[PDB]
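Q: Provided herewith is a single structure, encoded as structure tokens, for subsequent inquiry.
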Amino acid sequence: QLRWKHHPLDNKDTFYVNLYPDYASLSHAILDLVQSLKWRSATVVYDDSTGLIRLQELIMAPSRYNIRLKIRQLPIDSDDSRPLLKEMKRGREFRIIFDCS
Amino acid sequence: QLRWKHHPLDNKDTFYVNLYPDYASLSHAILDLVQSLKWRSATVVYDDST
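Written out as structure tokens, the structure is:
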């Protein structure tokens, strides 16, 4: 395998490898980032549920530290988040994380 | 089908159903509850990535 796929422990497969790295390590690197930034505020850019799935570690990450986070969605097939840009303009947020194509 | 499974948009098939209630409508019914309850904060007990 190359990318991410879901592999529950309920499946007990043997003969498979993946070439994707560890998302929880990615989340830990983002933790190291934002705590080096000392931010108590962050903002998620996503479009899919799947990116949220793969980065749900960062969703549970404010257990160790008080930080308010905003997680709102791109246009799914159209490509104009300038309404969402004006949304975050009223959202007044500047500490923004990006994952998309 | 009965269970929810993921059906993406680029999943562009034609021959499928599921009797499953839609997550947004479920979530918004929960919103109706909480807006009937006027809550400032919340806490989810949940299973997994689903």
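Sequences listed follow chains C and D, in order.
Numbers 103 to 203, taken from PDB author numbering, label the letters of the first sequence in order.
Numbers 103 to 152, taken from PDB author numbering, label the letters of the second sequence in order.
Every residue, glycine too, gets a C-beta built ideally from N, C-alpha and C.
Residues in its own chain within less than 8 Å of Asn168/C by CB, not counting five upstream and five downstream?
A: Only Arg142 meet the Cβ criterion.
Q: Taking the DSSP output, what are the residues bridged to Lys172/C?
A: Answer is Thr145/C.
Q: Since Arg197/C contacts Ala144/C with CB under 8 Å, what's their CB separation in whole angstroms?
A: Indeed, because the Cβ distance is near 5 Å, the residues count as touching under 8 Å.
Q: Can you look up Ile198/C in the DSSP assignment and give me helix, strand or coil?
A: Of the three classes helix, strand and coil, the one that applies to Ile198/C here is strand, per DSSP.
Q: Using beta carbons (cut-off 8 Å, strictly below), is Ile132/C in contact with chain D?
A: So no, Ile132/C is outside the interface.
Q: Using a Cβ-Cβ cut-off of 8 Å (strictly less than) and excluding sequence neighbours within five positions of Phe200/C, which residues of its own chain qualify?
A: Counting only Cβ-Cβ distances below 8 Å, and skipping sequence neighbours, we find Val147.
Q: Nearest-angstrom Cα distance between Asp124/C and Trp106/C?
A: Cα to Cα, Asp124/C sits roughly 9 Å from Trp106/C.
Q: So which of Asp181/C, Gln158/C, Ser203/C has the shortest CA-CA distance to residue 214/C?
A: Residue 214/C lies beyond the residue range present for chain C, which begins at 103 and ends at 203; the question has no answer from this structure.
Q: Check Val136/C in the structure and name its three-state DSSP category.
A: In this structure, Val136/C counts as helix in the three-state DSSP scheme.
Q: Please decide whether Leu111/D counts as near chain C, where near means a Cβ-Cβ distance under 8 Å.
A: Yes - at least one Cβ of chain C is within 8 Å of the one on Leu111/D.
Q: For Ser151/D, would you say it is in contact with chain C, using Cβ-to-Cβ distances shorter than 8 Å as the test?
A: Taking Cβ atoms only, chain C reaches closer than 8 Å to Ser151/D, which makes this a yes.
Q: Contact defined as beta carbons within less than 8 Å: I believe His108/C pairs with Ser127/D. What is the distance between those atoms, to the nearest angstrom?
A: With a Cβ gap of about 24 Å, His108/C and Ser127/D do not count as contacting.
Q: Per DSSP, what kind of secondary structure is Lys188/C in: helix, strand or coil?
A: Reduced to three states, the DSSP call for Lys188/C is helix.
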